[PDB]
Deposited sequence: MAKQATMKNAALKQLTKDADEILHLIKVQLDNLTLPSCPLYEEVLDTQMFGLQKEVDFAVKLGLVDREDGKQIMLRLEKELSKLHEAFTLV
């Protein structure tokens, strides 16, 4: 259960880097930057699934990490 906290920490740090990419797109005023984010979202989903499988992170924590970014990603397209 020491592993659980460290895992949760790394995962959130990793989601934060992607979130920053989304937020910087929103805080400013293309073309298919959607392709880039989809790959980033896929990469983090795989980290999340990997951690959920090993019981390092709870299923709902993983779901909350993904939801937080997906909510923000929705506001991006739109245009």
Gaps vs the deposited sequence (1-based, no CA atoms) are 1 to 4, 34 to 37, 88 to 91
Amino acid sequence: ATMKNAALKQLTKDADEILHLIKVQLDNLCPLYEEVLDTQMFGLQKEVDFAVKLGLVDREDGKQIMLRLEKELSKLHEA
From here on, numbers count along this sequence of modelled residues.
Going by the entry, of stretches 55 to 63 and 9 to 17 the one with greater average Cα B-factor is 55 to 63
Per the entry, where is the mean C-alpha temperature factor higher: 44 to 52 or 31 to 39?
-> 31 to 39
